[PDB]
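For reference, the structure discussed in these notes is given below.
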Amino acid sequence: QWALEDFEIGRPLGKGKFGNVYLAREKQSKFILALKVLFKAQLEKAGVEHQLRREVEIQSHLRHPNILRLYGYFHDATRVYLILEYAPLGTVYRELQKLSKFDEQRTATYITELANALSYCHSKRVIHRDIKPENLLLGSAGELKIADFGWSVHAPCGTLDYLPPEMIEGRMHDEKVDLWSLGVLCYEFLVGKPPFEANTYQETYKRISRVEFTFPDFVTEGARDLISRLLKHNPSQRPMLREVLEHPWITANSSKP
Ligand SMILES: Nc1nc(Nc2ccc(S(N)(=O)=O)cc2)nn1C(=O)c1c(F)cccc1F
Ligand SMILES: O=C(O)c1cc(-c2cccc(Br)c2)nc2ccccc12
């Protein structure tokens with residue numbers, strides 16, 4: 001079905017994290033795509049073979065314009081190869097480094113595209129558990145695409161910044177975990193840093209478990225209301241995705257087709 005001889009490999013798009021992503025082209029069709037090349041050595045040492053197979057299994061079945069497509073996979077005696085959609089405008093992470101912070105318009109748009117992808121995800125019982133700017137890509141029209149379904153699973157670690165209390169405490173969690181992540185993102189998009197950031201993991205753990213965030217002066221009340229409602233300790237007290245898409249701050253600042 002698939003072999004390395006089928007593609008022409010090009011420029012690096014990112015680095016592992018175990019393995020790199022390279023720009024590539026399929027020889028037969030001239031189809032431009034991105035090839036993630038993971039090493040079996042590193043994958044064994046971390047014990048993630050079951051998790052990656054699980055990721056590929058989940059990600060290959062999903063179809064949404066705000067979820068990055070996986071077209072297929074293959075492997076060699078030494079490496080596993082993933083055939084991904086190439087997002088031409090890069091990471092939201094790099095966008096945010098360039099502008100420092102986003103305006104309400106861009107943020108509300110990104111949150112709408114994000115909630116939509118999550119409604120679709122939850123409607124197949126899949127919970128991402130890992131939304132963060134480095135895992136969000138931008139298509140050719142500047143539309144947001146979710147990328148790394150590695151730590152995803154059916155409902156109901158590096159930096160803790162995006163994880164909710166119930167997760168960092170090891171408590172049972174379900175779909176409402178992604179609602180927290182949205183609030184963290186909405187905060188970081190407007191402020192330029194996540195709300196429980198810190199110089200140490202131990203402090204970030206304290207900050208999250210206690211829900212210790214303050215808003216800078218430029219954050220408007222509509223944004224302060226949506227963020228505050230999302231950043232609740234109690235998962236059942238977080239709103240639904242419907243409620244988020246219909247929030248007055250969102251509806252007054254987002255975009256549509
Ligand atoms: N699938 C995919 N497409 C892209 N497009 C891309 C990425 C970076 C740039 S650039 N020159 O650094 O600004 C330009 C285009 N990245 N990508 C990935 O899987 C990917 C990822 F998810 C995280 C990190 C790196 C990646 F490569
Ligand atoms: O040597 C193998 O047979 C092997 C295969 C794979 C593999 C094969 C196909 C798809 C995916 Br995802 C992963 N992952 C590994 C991950 C670690 C070690 C070995 C492997």
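Just remember, in the structure tokens the first chain shown is A, the second B, etc., residues are 1-based per chain, and ligands are 1-based in the order shown.
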
Using DSSP on the backbone coordinates, identify all residues within stretch 31-254 of chain A classified as strand (DSSP E); present the result as a PyMOL selection string. chain A and resi 32-39+70-75+79-84+126-127+136-138+144-146+153-154

Using C-alpha atoms, can you export the residues from the last selection as a compact mmCIF listing (two decimals), in the first residue's frame?
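And here is the file that came out, selection_11.txt:
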```txt
# COMPACT_ATOMS: atom_id res chain seq x y z
CA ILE A 32 1.65 17.85 -1.30
CA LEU A 33 1.36 16.59 2.25
CA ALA A 34 3.31 16.33 5.50
CA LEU A 35 5.19 13.20 6.58
CA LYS A 36 5.68 12.65 10.35
CA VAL A 37 8.60 10.20 10.79
CA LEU A 38 8.71 8.66 14.25
CA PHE A 39 11.60 6.40 15.36
CA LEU A 70 -4.53 11.53 8.33
CA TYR A 71 -4.48 9.89 4.91
CA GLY A 72 -2.57 6.71 5.88
CA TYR A 73 0.59 5.16 7.44
CA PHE A 74 3.49 2.71 6.92
CA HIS A 75 6.73 1.62 8.65
CA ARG A 79 10.62 3.95 11.51
CA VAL A 80 6.94 4.57 11.47
CA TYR A 81 5.59 7.09 8.91
CA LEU A 82 2.34 9.07 9.18
CA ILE A 83 0.76 10.70 6.05
CA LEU A 84 -0.84 13.97 7.19
CA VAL A 126 -13.65 11.18 21.30
CA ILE A 127 -12.08 13.62 23.84
CA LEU A 136 -3.20 23.82 16.24
CA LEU A 137 -2.43 24.48 12.60
CA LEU A 138 -3.64 27.01 10.11
CA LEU A 144 -7.75 26.46 12.39
CA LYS A 145 -7.03 22.71 12.34
CA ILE A 146 -6.54 20.42 15.33
CA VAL A 153 -9.26 8.58 24.02
CA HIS A 154 -12.96 7.62 24.45
```

List all protein, DNA and RNA residues that have at least one atom no more than 12 Å from any atom of ligand 1, counting only C-alpha atoms and all ligand atoms, and write them as a ChimeraX atom specification. /A:10-17,19-24,32-37,67-71,82-98,131-140,142,144-150

Enumerate, as number ranges by chain, the complete set of residues in stretch 109-142 of chain A that a backbone-based DSSP assignment places in helix (DSSP H, G or I). A: 109-122, 133-135

Near residue A:189, counting only C-alpha atoms, which residues have an atom at most 7 Å away, once you skip same-chain residues fewer than 3 positions from it, shown as a list in words? residues 101, 102, 107, 185, 186 and 192 of chain A

Contact residues around residue A:51 with only C-alpha atoms at 10 Å, ignoring same-chain residues under 2 positions, as a list in words: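 Near residue A:51, the qualifying residues are residues 43, 47, 48, 49, 53, 54, 55, 56, 57, 149, 150, 151, 152 and 153 of chain A.
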
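The two atoms in question, atom CA of residue A:110 and atom CA of residue A:224, are spaced 16.6 Å apart.
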
May I have the residues within 9 Å of residue A:111 as a ChimeraX atom specification, using only C-alpha atoms and disregarding those fewer than 3 positions away in the same chain? /A:106-108,114-116,182,185-186,244-245,250,254

One decimal, in Å: what's the spacing between atom 19 (C, counted along the ligand's line) of ligand 2 and atom CA of residue A:40? 5.3 Å

Coordinates-based distance that separates atom CA of residue A:124 from atom CA of residue A:109 (Å, one decimal): 23.5 Å

Tell me, as a count of residues only, which residues lie within 12 Å of residue A:179, counting only C-alpha atoms; anything in the same chain fewer than 4 positions away does not count. 42
